[PDB]
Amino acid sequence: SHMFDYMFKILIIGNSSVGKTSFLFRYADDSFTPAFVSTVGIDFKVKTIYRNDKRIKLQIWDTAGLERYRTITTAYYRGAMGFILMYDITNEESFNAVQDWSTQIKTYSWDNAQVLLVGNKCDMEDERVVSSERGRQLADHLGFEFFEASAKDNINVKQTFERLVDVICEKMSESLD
């Protein structure tokens, strides 16, 4: 039965072009591509890691941000243990959408679902429109952990997934007496 202890299903959601797929390809295969191929519906990758004295298999789903595939992507929420809700730090709209995605999560997912708010592209400090203090402030107001990172320059990305994983592990440990 393979060589692992747990399997965590993780979904990455947020407006189109915020860099959801890139964030994935950088964590999985460690590869960035300035090109922009909008994702068709959904897709996923598998990655086994060894953390907290446990072999963990991560099934990481990459969802389409376009309102077009809402119904098909939301159908996969109910199985998720953790979410990565990201926005572009150089795009006000994507950041304004956060509140909505938050609702989207409350509706189609279970309660223990852990959520991490990620402000991507923190390498483009020249085109920054959202301040760290605002993202942080929103994160606190929604009860989510906050991270600012960049797929392109592999920064704070691994630390994002690792925090998700540990957060889920602690909820697991808390669910037992």
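In case it trips you up, residue 1 is the first one in the sequence shown, and so on.
Higher average CA B factor: 20 to 28, of the stretches 6 to 14 and 20 to 28. The PDB entry records a higher mean C-alpha B factor for 71 to 79 than for its counterpart among 71 to 79 and 101 to 109. Reading the B-factor column for the CA atoms of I60, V40, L142, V118 in the entry, the top value corresponds to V40. Residue-level temperature factors show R134 in the highest third of its chain, judged at the C-alpha atom. In this PDB entry, the Cα temperature factor of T33 sits in the top third of its chain's modelled residues, the highest group. Annotation for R51: C-alpha temperature factor in the middle third relative to the rest of the modelled chain, per the entry.
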